[PDB]
Every structure is written in structure tokens, then in C-alpha cells.
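Visitor: Structure provided below as C-alpha cells; questions to follow.
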Amino acid sequence: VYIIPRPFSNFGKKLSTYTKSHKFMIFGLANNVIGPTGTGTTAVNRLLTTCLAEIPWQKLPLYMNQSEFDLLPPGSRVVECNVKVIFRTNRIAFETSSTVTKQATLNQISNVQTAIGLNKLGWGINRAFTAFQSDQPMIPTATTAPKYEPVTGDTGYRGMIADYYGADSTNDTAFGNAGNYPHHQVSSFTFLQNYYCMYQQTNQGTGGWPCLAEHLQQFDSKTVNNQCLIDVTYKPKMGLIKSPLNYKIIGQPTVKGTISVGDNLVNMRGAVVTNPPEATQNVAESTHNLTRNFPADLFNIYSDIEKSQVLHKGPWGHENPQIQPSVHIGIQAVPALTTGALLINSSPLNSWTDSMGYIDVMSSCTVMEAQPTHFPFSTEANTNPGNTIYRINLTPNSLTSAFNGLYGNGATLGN
Amino acid sequence: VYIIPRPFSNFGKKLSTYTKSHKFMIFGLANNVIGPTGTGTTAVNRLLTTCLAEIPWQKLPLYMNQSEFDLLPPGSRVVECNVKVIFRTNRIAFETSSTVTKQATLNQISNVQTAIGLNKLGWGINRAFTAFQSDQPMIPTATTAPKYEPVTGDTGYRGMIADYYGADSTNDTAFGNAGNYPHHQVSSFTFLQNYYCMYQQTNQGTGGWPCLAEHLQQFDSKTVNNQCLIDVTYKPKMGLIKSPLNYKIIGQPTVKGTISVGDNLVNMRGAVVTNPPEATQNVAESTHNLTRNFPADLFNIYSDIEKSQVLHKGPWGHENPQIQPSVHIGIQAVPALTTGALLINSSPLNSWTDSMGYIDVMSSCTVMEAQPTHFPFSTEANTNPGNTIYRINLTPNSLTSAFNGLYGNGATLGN
Amino acid sequence: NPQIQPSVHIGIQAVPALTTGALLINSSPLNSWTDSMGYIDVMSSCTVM
Amino acid sequence: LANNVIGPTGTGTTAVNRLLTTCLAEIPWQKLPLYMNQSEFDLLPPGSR
């Protein structure tokens, strides 16, 4: 016999990896005297606060910097990504001042506490960055939208990205005897600017503060010291982190006979879905759900600096004509605040010794992809509806994780 | 102990592969009555001609089409690439005409002949495409610059690329009941538009026609039939086939203290070189060489359609501060022309039966690369002078393979 | 003598990353640094002949 | 040395340039004196390597 052997274009797959040794610092925020509504909009609500600092193992920059992100081909997806942290140690002040209250001591009793899922999974909210108190200054005071990207009231504070990497050889605001430093690139401590807490208001629903204590472990620091207590990882359910691959429109009849309607009776589910819980009540709640299904294909990102954009996009990026769900887990590292030696008369506990923990965190991830083309003269990378990908758009934020679950993230913006 | 583990950015390597089943056709060009100087410029010179058709296993398009080429990242280099060909068969005419001379016959005696290195290595030139004769029309007549890219005297003929792939969904000149067809993409025969021959003039040097016969093998076709006689491959010495990677200018003292001169006493050779044979003679030659060394870093290609550009660039692309040499081998497939049954009175042999061979050729290659970045805010892929690459520019063509060796290719343009 | 070659003496560094001040609460820039000095014990030797 | 806030051009000649600084102290294992003193050096015959 004699078969003439067919052609083949095997497009290979780039698969990179990234790591970085961040040196984060936490404070023992005194079991944060709950602050009432961070906004003049929710005014009657509060936040029981913890010192549980948040490691942003979901914001792309924890893993890679500008360029590396910048240079990822379309269809680039994060495969898995991990964080391991070591309680490198904590430091507690020494009252010299005798002043007040706070009896001076060479004693020290502190204790680490870590926690995972809480965030996403439990009943809380990451609300941090804050605004706070004078000596016995560990409890804090102003809530605020958690900071990952940079914030500014014309002056600006922040830049996760730049906090770790510095500026551009030309950028003024940084570079300088004194301006925005390369930190990561040259080992530096930097803080974990978000801590976590729980929200809850007054009357439209009520029963008390649930129990965090049974959702985070606590160690005698010194014991756990210089030993790593974190090391959990996430393999995003859908981490297409660069604008997807365009399916090309060059097949044949109607699918390009014209750009008209090409629709068909399949008899299998093919659209993304939606729950809208109708909370209504008169002394403890009464709900109602209504599945809403919806559309698909418009883009994923733009500003390019949307590296400071979220990671697992399981609730909106439906790849090809089908479906799915789930939320990136969340992770917190920290030390319960050291209590002042407030002698005799303390029968309230409210004096807190300043203390800062140096947690050593390494982050890594894979992300990878292909760059295929199936048409002889087609310009761009290209695939087929067989997969093409598809987003599902909305007026406000899609699942605004900066405000507490119902497992998936409500899509609306808190505080 | 406790070492804080360093970072790492492992940039992966895309490595693709390509193949294509071309169906080429050759004619038994009658042992080509040598044509005098193809140009009114070399007028007194000639070309002993063979039917040895040339398989362009050096022009990128034999392997991949537009897109695939088009989409290769910078620093993309062809790793190895192979061709295997099968004497699928040949066909010889049947004189009905009795006419002339050429007695009609159901007989058939033909014979394949293949050859490799000759091209590059021996004493010849690929000069083809031609312009020729009436019945007993296999010998040809007009030499011409070999065609790989497309040629045109405002009307145009050719397009290797388009010969194999057709036009663009919009391009007029093709697409059409009747215009430039996708051939490859939908199995079609197409011809191997170049054959090979030997040059030689009259008086400035002389001794006769060397012996091709001992540099190409000949088989009894029918025997070798449907069996592959080629299968040689080339792993280019330097096949950077896309504009290289830019080394970035951000280190430190003088190397960016300023953009000045940063030169140094190394005591090791670091520049590309040059031979200029001084052929001068008075009844058989007298030569003199003079090594010329020269520069380095300006670009590799531009028009984008420089896919129709050559493959092994061993004589001009010096990677990093060092050196090297060598030429892509060359390859020919074909059938010696079937002689007419010119009875009795033939005591010259010059009547030739039209015959065409269908050679089945599959081509493939690898080419691959990385896309790394070592600076936090650097935009582009980037490396270091450690390698950066460097070209060596000249007024005319660099090694114009379309005119015979001296092993490397002379850099000047023939016929 | 009438010939050739190249290469650079390697280089070597010893030290401690600077100890950060306990800058409580309000530090959300890190720029306070505790003075600290390391006593590194170094022995050097060579042959020449 | 506190992860040295980069100093712009040490000279009024390169003025627009900077130095990201480390505390990495340099051990001069290349300057002859780290190894031997005056005399010992002083007394080496020619061709001493």
C-alpha cells in the first residue's frame, strides 16, 4: 500500500515559573476593638477585627512583576501557584516609658495564629488598611477598602507592584534617595497592608459574634518559630490571565457564508448562570432564589496594569459553549496582640504592647500557553469556537472580593 | 541553619514542529544543450545543464507557511529540518504524431537520478527557471535567476509561498475560478521551478566540463520507484529565523553610566572574518588571499515577507562577542531525459521525449525559542551581551546563493 | 612571551541586611533602621614564589 | 547599611545616574596587603608571582 503522510503543525507550549521571597511584616493589631461602619453609607454596622494579615496569593504581582506578566502570550493561564511562609519571628516592645500602664518587662508572651479558608469560605471580610490609635496603639481605627493596587487622594500611597519592584529607570515618584524602592529585588521588608475582620450590622438580622477562634489555629510562636506554617497552594479553576485566543471566522456555510445568526437546537445546557437571593425579613430573614442565565465572548482586561487584577475567574470566564463555579481560597498569618503588664487594677483589658512579626513568604506559580494558527494566511494566534472562551459582563464588579461570600462572591461593592 | 531561598523565573521554551506533503513535478530536461551567457553582461560564458530539480530545503516556506512563520517570537531559530522524497513515478510521452522523428513506442526506458551536496559543495550553480524549445522540447533555453520568491515584469509569475498556500481571503490575484490555488493545503501538484547546472566561460581560465556523473547517483527509476530516495536533513549551524533578542542597557558603571565606549583588552579573537581571493592570471590563474575582519549588532530582516529569506546564516550572524562558518547542504531529485526512438540515421542524439516525474516530498522542521526578561519593568523580551547576537553588514548580498561556492558563498550577484 | 589569554579575579562580599526599627502602627513606609554592626572574622593567605 | 536608599550620581559629572545600595561589605582579596604586609611584599624577588 502507500498512504501519503499528512501535514502537521505542532505548536509547542511555553510553560514558565516564577518565585519570590517577600519579607512581610505584621503588627499585633490589638483584638481590634470593633469599628462601626467604615462608611457614612452603611453607618450602622461593625467590624470585629483580627490581626490576621492577608497574604495576596491571588493578586498576580505577589508572584510575578511587571515584565514577566507583561510578556505573557494570549491565552496565558496560571496553572497552579503556591505560598509557603515561615514564622521567622516577632518582636515585642519594651516599655521604658514607665508611664503608663504599662509596666516595663523583659518577659514576653506572644503567640502566632494562622488561618486559611476563613476569608472566602466563612463569614467575614478583608477590610483593611486602616487609620489608628496612640500608645497602646495596636487596636486600630478607620476600616477602608483593602489595598492591593495603589490608592490616592491626589498624593497616593501604595502600589503592591511597585512596593515589591520599584519604579522605572525614569519614573520620578520613585528611584531617589528616598523614593519607592525595589524592595523585593533587594530584600526588604515591607508590610502586609491588609488585615482581616468580620462585619455585621444592627437590626436587619441578629444574634452575636460567631467564633473565629475555631477557624484559625494558634501556636506559641516561639515554638512554631523559624518554622514554616504556611504552605498551601491553589490551582485556579480558570486562570486565563491574558486576553484569550481569538477563534477565527473562516469556515463555511452560514458560519461565514455571512456574519448573520448560525443558531442551533442542541438540547444541552450551554450558558453561564445566576443566583439572586431575595433576603426580606421581619425579625430574622426569609429568602428566595431565582436562577438567571446569561451570555458570552467580549475580552478580559483593560488598562494593561490589570496585573493588579484578580486571579481565579471561575464565575465569569466560561470557556467554549459550557460551564462551572469556584473561589480562590484565602490565607492569613499573624500574632495575637501582646497584652501590657497592666498591674493590679485592670479589670478591663485594653492595654496593648506594640509588637511586629517578620513573616518570610515565598511565592511561585506556573502560567503557560500555546500560540497556534490554523489558517495559512491568518494573522494572529488562532483557534476555534471549539473552545474560544467567553466572558459574562455586568454593570458593577463581578464577584467583588472585598466583601463576604455566600460561597461565590456577591457581585456589588462593600464599605 | 536557615538560608532564605532565592527567586527564580524560569522562562520556558516554545518548541514547535512543522510538516508538509508537497507534490512536486519535474520534467526530463534534455541534457541541456548548454546555453551561452544568460546575460548580456557575462555574454561569453555557459551553462551545462541537468534536469536535477532543486528542492528548496532552505527556503522557509517549504516547511511552514505565512502564519506559522509570522507568529514566531524573536530569537526563533530553526533547529533541524528534514526532507524525504519518494520517486512516486515518472511519465513519458507517446509519439502519435508519427511525425518526427520520433517513432511512436510503448517501450520505455527512463532512469531517476538524485544528488546532494553538489550544489553548494561542488562547482555549479542553481540558475534556473528558464525559456524554451518546441517538440523534442525538453532541452531548454533562457537561464535566469532561480525563482523562490515571486517575480514580475509588472505581470508577475510565481510565489513559492502562495504556490503552496493560495491567497488571502480577500486577495484578488488569487482566490477565483482560476487564480493562485491553495495547492498544498489541498493536494496539488506543483512544479519544482528551479533545475541545476554548471557555469564556465571562455579564456579567463580553461580545461573542459568536469564530471557531474560522479557526483549524483542514477537508478533505473522503475526499480527505485515508489520508494523514497531522499531523506537527508540539515540542522542549521545558525538559524535564527526571526529578529533576535535585544540585550538591555541597564547594568552599571560606564555600561550605562553613559552610552559612551566601554571597550576592553581581552586578548582573545572576537570579530567575524573575510577572505578576498585575488584571482589574476596569464594562461591559468594565480591567487592571493587577505583576511579582512569586521563589525557586529544591527537586525535581520525586513519586509516581513522575508520568510522567503534564506535559512542557514552561519557566515553573518555572529552570536555574542565570537565566531564560526558553514553552508546549508543542497538537494536534487529527477529523471535523465528519455531519448526519442530516432531510428536509423541518428548519428547525433538530440531528439527528446517529453517526460514528467511526480516526486512526493515531505518537509518538516522544528524552530523554537524563549521569551525571558530580567528587568522588573523592562518592556520587551530581553537578555544580555552575554549573547546578544550580531550581524555583519555589506553593500551587496551576503553569500548570494544563486552562484557557486568556494565552499562558503561568494557575496556578489550572478547572471 | 610571544602569546595570549583573558580572566578576572572573582569578587567576595560578607554582611547583615539591616535590622528594621520596631516602627509601630503607622509605618506604612519602611524606612527606620536600627544601627547594627557585624564582626566578621577573616583569614587570608597566599603562596607567591 | 540600610538597604541603601539609592544615591543619585556621586559625581557632578555623571549627575543623572544612581546606585542601588547593599550593605555587602567587600573583602579585598585581590589587594596584596590583605595577605602580606610591606616587608614580605617588599622582599619578593623579580618574577615573583
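Letters for chains follow the order of the C-alpha cells (A, B, ...), residue numbers begin at 1 for each chain, and ligand numbers begin at 1 in the order shown.
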At a cut-off of 12 Å, can you tabulate as CSV every residue of chain C near chain B together with its closest atom pair and the distance in Å to one decimal, using only C-alpha atoms and ordering rows by chain then number?
Guide:
```
residue,atom,partner,partner_atom,distance
C:3,CA,B:267,CA,9.2
C:4,CA,B:267,CA,6.0
C:5,CA,B:267,CA,5.5
C:6,CA,B:266,CA,5.6
C:7,CA,B:266,CA,8.2
C:8,CA,B:266,CA,10.4
```
Visitor: May I have the residues from that selection written out with N, CA and C atoms, as a short mmCIF file (atom, residue, chain, number, x, y, z; two decimals), in the first residue's frame?
Guide:
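The resulting file, selection.cif, is shown below:
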```cif
data_model
loop_
_atom_site.label_atom_id
_atom_site.label_comp_id
_atom_site.auth_asym_id
_atom_site.auth_seq_id
_atom_site.Cartn_x
_atom_site.Cartn_y
_atom_site.Cartn_z
N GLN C 3 52.74 35.03 23.22
CA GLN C 3 51.29 34.59 23.08
C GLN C 3 50.01 35.29 23.68
N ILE C 4 49.15 34.58 24.46
CA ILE C 4 47.87 35.19 24.93
C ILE C 4 46.91 34.54 25.99
N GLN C 5 45.79 35.22 26.31
CA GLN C 5 44.75 34.77 27.28
C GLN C 5 43.76 35.88 27.73
N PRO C 6 42.91 35.64 28.79
CA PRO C 6 41.88 36.56 29.40
C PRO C 6 41.80 36.62 30.99
N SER C 7 41.37 36.52 32.12
CA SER C 7 40.24 36.47 33.06
C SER C 7 40.61 37.19 34.36
N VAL C 8 39.19 37.54 35.03
CA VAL C 8 39.03 38.50 36.14
C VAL C 8 39.00 37.73 37.48
#
```
Visitor: Please list as a VMD selection string every residue within 9 Å of range 19-28 of chain D, counting only C-alpha atoms and excluding residues in the same chain fewer than 2 positions away.
Guide: (chain A and resid 175 181 to 182 186) or (chain B and resid 252) or (chain C and resid 11 to 18 42) or (chain D and resid 1 to 10 17 30 to 34)
Visitor: Output N, CA, C and O atoms for every residue in that selection, as a tab-separated table (two decimals), in the first residue's frame.
Guide:
```tsv
chain	number	residue	atom	x	y	z
A	175	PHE	N	12.65	55.85	42.57
A	175	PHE	CA	14.02	55.86	42.09
A	175	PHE	C	14.56	56.99	43.20
A	175	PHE	O	13.83	57.79	43.76
A	181	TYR	N	11.21	52.13	46.70
A	181	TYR	CA	12.36	51.21	46.48
A	181	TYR	C	12.10	49.82	45.93
A	181	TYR	O	11.11	49.19	46.29
A	182	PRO	N	13.08	49.24	45.20
A	182	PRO	CA	12.98	47.91	44.59
A	182	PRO	C	12.72	46.77	45.56
A	182	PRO	O	12.69	45.64	45.12
A	186	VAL	N	15.71	43.46	46.25
A	186	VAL	CA	16.89	43.72	47.18
A	186	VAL	C	16.48	43.79	48.65
A	186	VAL	O	16.68	44.83	49.32
B	252	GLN	N	25.56	48.76	35.01
B	252	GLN	CA	26.05	49.90	35.73
B	252	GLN	C	27.33	50.44	35.18
B	252	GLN	O	27.58	50.46	33.99
C	11	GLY	N	35.03	38.08	42.89
C	11	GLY	CA	34.93	39.06	43.98
C	11	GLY	C	34.13	38.53	45.15
C	11	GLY	O	33.30	37.68	44.93
C	12	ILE	N	34.32	39.00	46.38
C	12	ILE	CA	33.56	38.46	47.52
C	12	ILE	C	33.02	39.42	48.62
C	12	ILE	O	33.77	40.22	49.22
C	13	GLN	N	31.74	39.24	48.96
C	13	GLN	CA	31.05	40.07	49.97
C	13	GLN	C	30.38	39.35	51.18
C	13	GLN	O	29.64	38.38	50.97
C	14	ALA	N	30.56	39.90	52.39
C	14	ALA	CA	30.02	39.35	53.63
C	14	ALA	C	29.23	40.47	54.29
C	14	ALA	O	29.64	41.59	54.10
C	15	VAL	N	28.11	40.19	55.01
C	15	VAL	CA	27.23	41.21	55.72
C	15	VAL	C	25.84	40.81	56.31
C	15	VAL	O	25.41	39.67	56.14
C	16	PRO	N	25.14	41.77	57.00
C	16	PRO	CA	23.81	41.55	57.59
C	16	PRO	C	22.80	42.60	57.03
C	16	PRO	O	23.09	43.79	57.05
C	17	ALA	N	21.65	42.14	56.51
C	17	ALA	CA	20.58	43.03	55.96
C	17	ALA	C	20.20	43.89	57.14
C	17	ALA	O	20.10	43.38	58.27
C	18	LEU	N	19.95	45.17	56.92
C	18	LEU	CA	19.66	45.95	58.07
C	18	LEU	C	18.39	45.74	58.91
C	18	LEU	O	17.27	45.71	58.41
C	42	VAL	N	38.01	37.08	59.43
C	42	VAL	CA	38.55	36.70	58.14
C	42	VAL	C	40.01	36.31	58.14
C	42	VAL	O	40.82	37.11	58.60
D	1	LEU	N	24.13	48.59	56.62
D	1	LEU	CA	23.73	49.78	55.90
D	1	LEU	C	22.34	49.50	55.39
D	1	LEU	O	22.09	48.48	54.76
D	2	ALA	N	21.42	50.35	55.81
D	2	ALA	CA	20.00	50.21	55.49
D	2	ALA	C	19.91	50.18	54.03
D	2	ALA	O	20.38	51.12	53.45
D	3	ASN	N	19.20	49.18	53.48
D	3	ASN	CA	19.10	48.98	52.01
D	3	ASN	C	18.97	50.24	51.29
D	3	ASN	O	17.92	50.84	51.03
D	4	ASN	N	20.18	50.69	51.24
D	4	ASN	CA	20.55	51.94	50.79
D	4	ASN	C	19.82	52.57	49.71
D	4	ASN	O	19.72	52.13	48.56
D	5	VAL	N	19.04	53.46	50.30
D	5	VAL	CA	18.23	54.41	49.63
D	5	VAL	C	19.22	54.80	48.52
D	5	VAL	O	20.36	55.18	48.83
D	6	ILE	N	18.88	54.57	47.26
D	6	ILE	CA	19.82	54.87	46.20
D	6	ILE	C	20.24	56.30	46.10
D	6	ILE	O	19.41	57.19	46.18
D	7	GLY	N	21.54	56.50	46.00
D	7	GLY	CA	22.05	57.85	45.91
D	7	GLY	C	22.21	58.21	44.44
D	7	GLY	O	22.59	57.31	43.68
D	8	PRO	N	21.76	59.43	43.99
D	8	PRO	CA	21.94	59.81	42.58
D	8	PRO	C	23.44	60.00	42.38
D	8	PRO	O	24.20	60.00	43.34
D	9	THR	N	23.83	60.24	41.14
D	9	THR	CA	25.23	60.39	40.75
D	9	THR	C	26.22	61.02	41.71
D	9	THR	O	26.34	62.25	41.78
D	10	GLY	N	27.09	60.14	42.20
D	10	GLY	CA	28.12	60.50	43.15
D	10	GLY	C	28.94	61.66	42.65
D	10	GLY	O	29.61	62.31	43.45
D	17	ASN	N	22.36	59.60	37.37
D	17	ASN	CA	22.54	58.17	37.42
D	17	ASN	C	22.44	57.77	38.87
D	17	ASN	O	22.55	58.61	39.74
D	30	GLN	N	42.25	40.62	46.76
D	30	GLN	CA	42.76	40.99	45.46
D	30	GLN	C	43.78	42.09	45.68
D	30	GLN	O	44.51	42.44	44.76
D	31	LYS	N	43.72	42.75	46.82
D	31	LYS	CA	44.71	43.78	47.07
D	31	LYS	C	45.72	43.03	47.87
D	31	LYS	O	45.37	42.45	48.89
D	32	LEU	N	46.96	43.04	47.40
D	32	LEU	CA	48.03	42.31	48.04
D	32	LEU	C	48.13	42.41	49.57
D	32	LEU	O	48.31	41.39	50.26
D	33	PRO	N	47.96	43.62	50.14
D	33	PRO	CA	48.05	43.79	51.59
D	33	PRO	C	47.10	42.99	52.45
D	33	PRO	O	47.31	42.91	53.65
D	34	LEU	N	46.01	42.49	51.90
D	34	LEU	CA	45.12	41.70	52.75
D	34	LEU	C	45.92	40.49	53.19
D	34	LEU	O	45.79	40.07	54.34
```
Visitor: Write out as a Markdown table the residues of chain C that have any atom within 12 Å of an atom of range 149-160 of chain A, one row each with the nearest atom pair and its distance in Å to one decimal, counting only C-alpha atoms, sorted by chain and then rising number.
Guide:
```
| residue | atom | partner | partner_atom | distance |
| --- | --- | --- | --- | --- |
| C:27 | CA | A:157 | CA | 11.7 |
| C:28 | CA | A:158 | CA | 8.7 |
| C:29 | CA | A:158 | CA | 9.1 |
```
Visitor: What gap, in Å, lies between CA of residue 206 in chain A and CA of residue 285 in chain A?
Guide: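 About the pair CA of residue 206 in chain A and CA of residue 285 in chain A: they are 9.6 Å apart.
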Visitor: Run DSSP on the backbone and grab whatever in range 10-49 of chain D lands in helix (DSSP H, G or I); send it over as a PyMOL selection string.
Guide: chain D and resi 32-34+38-42
Visitor: Mind dumping the selected residues with N, CA and C atoms as a compact mmCIF listing (two decimals), in the first residue's frame?
Guide:
```txt
# COMPACT_ATOMS: atom_id res chain seq x y z
N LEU D 32 46.96 43.04 47.40
CA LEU D 32 48.03 42.31 48.04
C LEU D 32 48.13 42.41 49.57
N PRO D 33 47.96 43.62 50.14
CA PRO D 33 48.05 43.79 51.59
C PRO D 33 47.10 42.99 52.45
N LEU D 34 46.01 42.49 51.90
CA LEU D 34 45.12 41.70 52.75
C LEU D 34 45.92 40.49 53.19
N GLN D 38 54.02 45.12 54.15
CA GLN D 38 55.10 45.76 53.46
C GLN D 38 56.32 44.92 53.18
N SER D 39 57.08 44.65 54.23
CA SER D 39 58.27 43.84 54.08
C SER D 39 58.01 42.63 53.21
N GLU D 40 57.30 41.63 53.69
CA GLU D 40 57.06 40.43 52.88
C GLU D 40 56.86 40.73 51.42
N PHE D 41 56.04 41.72 51.10
CA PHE D 41 55.85 42.09 49.71
C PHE D 41 57.20 42.59 49.26
N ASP D 42 57.60 43.70 49.83
CA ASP D 42 58.87 44.34 49.56
C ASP D 42 60.02 43.40 49.16
```
Visitor: Measuring between only C-alpha atoms, which one of D:49, D:37, D:44, D:11 shows the shortest distance to chain C?
Guide: D:49
Visitor: Near chain D, meaning an atom within 6 Å, which residues of chain A appear when counting only C-alpha atoms? Write them as a ChimeraX atom specification.
Guide: /A:176-178
Visitor: Which polymer residues have any atom within 8 Å of an atom of residue 16 in chain B, counting only C-alpha atoms, with same-chain residues fewer than 2 positions away left out, as a VMD selection string?
Guide: (chain A and resid 9 to 12) or (chain B and resid 14 18 366 to 368)
Visitor: Mind pulling up the distance from CA of residue 119 in chain A to CA of residue 364 in chain A?
Guide: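 Rounded to one decimal, the two atoms are 21.0 Å apart.
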